[PDB]
Each structure stands twice: as structure tokens, then as C-alpha cells.
Amino acid sequence: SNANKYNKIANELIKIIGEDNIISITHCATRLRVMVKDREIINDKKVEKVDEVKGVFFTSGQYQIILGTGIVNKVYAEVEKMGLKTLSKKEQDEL
């Protein structure tokens, strides 16, 4: 596939969750982890249909999208430019 593969998934994901429904975002080795305001407006079935999405779970305020290793980082790197509160990239330590 073309090099926009990961930015299309990021955009589809943001669009289904709702941009202003996102508190903050990070990831682990296999999952994109989105702290959301209201899970009950997120259409899980539409999320599950997105390219590369292996499954979805909500628990403990976290909407988790399983993308698999390597694919999860490439999607995270697209979301990182979108301006949402992404957290993985911890902020500069002061001296």
C-alpha cells in the first residue's frame, strides 16, 4: 500500500470516536489507547471495520484499538501531528 495507509486509519479512527470526545491518547506495543469522554457514542462496529483493526475493547476509561506491533506506532505517529493530547511523547524535562 501507499505511504498514507497509517494516516487514513488514524483519520477514520478519530472520525468514529469523535475529535472532541478524546481526552488524551497513548499506546502500548499492540494497542492505541484513547481516554474518551463518552464511550456510549462510539460505534464499536465501525471501529472494528477500519483497516488493521484486530479488535476493540473499552475498560477503565480507555477505548483500546488493537493494531498489532509496528502498525500501532505508525498510526500513533500520524495522530501525533493531528494536535490531540498525545502522551507517549513525554514532554521536555526542565534542568
# chains A, B, ... in the order shown; residues from 1 in each chain; ligands from 1
$ residues_around --residues "residue 64 in chain A" --least-positions-apart "6" --cutoff "7 Å" --atoms "only C-alpha atoms" --output "PyMOL selection string"
chain A and resi 31-34+56-58
$ select_by_dssp --residues "chain A" --states "helix (DSSP H, G or I)" --output "PyMOL selection string"
chain A and resi 5-17+19-21+39-41+44-48+71-79
$ write_last_selection --atoms "C-alpha atoms" --output "mmCIF file, in the first residue's frame"
data_model
loop_
_atom_site.group_PDB
_atom_site.id
_atom_site.type_symbol
_atom_site.label_atom_id
_atom_site.label_comp_id
_atom_site.auth_asym_id
_atom_site.auth_seq_id
_atom_site.Cartn_x
_atom_site.Cartn_y
_atom_site.Cartn_z
ATOM 1 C CA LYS A 5 -2.070 3.960 4.879
ATOM 2 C CA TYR A 6 -1.482 4.927 8.502
ATOM 3 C CA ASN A 7 -2.801 8.445 8.322
ATOM 4 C CA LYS A 8 -6.104 7.122 6.729
ATOM 5 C CA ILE A 9 -6.589 4.687 9.634
ATOM 6 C CA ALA A 10 -5.771 7.498 12.158
ATOM 7 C CA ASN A 11 -8.306 9.750 10.491
ATOM 8 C CA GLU A 12 -11.010 7.088 10.299
ATOM 9 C CA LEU A 13 -10.405 6.284 13.968
ATOM 10 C CA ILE A 14 -10.598 9.988 15.060
ATOM 11 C CA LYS A 15 -13.727 10.403 12.957
ATOM 12 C CA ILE A 16 -15.546 7.465 14.517
ATOM 13 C CA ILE A 17 -14.545 8.249 18.169
ATOM 14 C CA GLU A 19 -12.446 14.543 17.817
ATOM 15 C CA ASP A 20 -13.812 16.401 20.865
ATOM 16 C CA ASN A 21 -14.641 13.051 22.521
ATOM 17 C CA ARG A 39 -17.753 5.636 25.188
ATOM 18 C CA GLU A 40 -21.512 5.336 24.573
ATOM 19 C CA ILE A 41 -21.409 7.413 21.391
ATOM 20 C CA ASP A 44 -17.563 -0.124 18.012
ATOM 21 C CA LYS A 45 -18.672 -1.994 14.885
ATOM 22 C CA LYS A 46 -17.447 0.833 12.679
ATOM 23 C CA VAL A 47 -14.171 0.944 14.523
ATOM 24 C CA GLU A 48 -13.670 -2.778 14.060
ATOM 25 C CA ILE A 71 1.343 -0.861 12.902
ATOM 26 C CA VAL A 72 0.372 0.681 16.301
ATOM 27 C CA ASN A 73 3.481 3.054 16.278
ATOM 28 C CA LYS A 74 2.942 4.140 12.652
ATOM 29 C CA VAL A 75 -0.694 5.053 13.444
ATOM 30 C CA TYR A 76 0.376 6.769 16.624
ATOM 31 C CA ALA A 77 2.919 8.898 14.636
ATOM 32 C CA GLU A 78 0.083 10.134 12.365
ATOM 33 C CA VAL A 79 -2.179 11.027 15.337
#
$ select_by_dssp --residues "range 12-82 of chain A" --states "strand (DSSP E or B)" --output "CSV table (one decimal) with C-alpha atoms, in the first residue's frame"
chain,number,residue,atom,x,y,z
A,22,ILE,CA,-10.9,12.4,23.0
A,23,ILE,CA,-9.2,13.4,26.3
A,24,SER,CA,-5.7,12.0,25.5
A,25,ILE,CA,-4.1,9.2,23.6
A,26,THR,CA,-1.1,6.9,24.1
A,27,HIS,CA,-0.2,3.4,23.0
A,31,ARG,CA,-2.8,-1.1,21.2
A,32,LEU,CA,-3.8,2.5,20.6
A,33,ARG,CA,-5.2,3.6,23.9
A,34,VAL,CA,-7.7,6.5,23.8
A,35,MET,CA,-9.1,8.1,27.0
A,36,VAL,CA,-12.6,9.2,25.9
A,55,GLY,CA,-10.4,-5.8,17.8
A,56,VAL,CA,-11.6,-3.1,20.2
A,57,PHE,CA,-12.2,-3.0,24.0
A,58,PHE,CA,-13.4,-0.4,26.4
A,59,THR,CA,-12.3,-0.6,30.0
A,62,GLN,CA,-9.7,3.6,27.9
A,63,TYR,CA,-11.0,2.9,24.4
A,64,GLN,CA,-8.4,0.4,23.1
A,65,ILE,CA,-7.9,-0.4,19.4
A,66,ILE,CA,-5.8,-3.4,18.8
$ closest_residue --among "A:50, A:28, A:93, A:1" --to "residue 68 in chain A" --atoms "only C-alpha atoms"
A:28
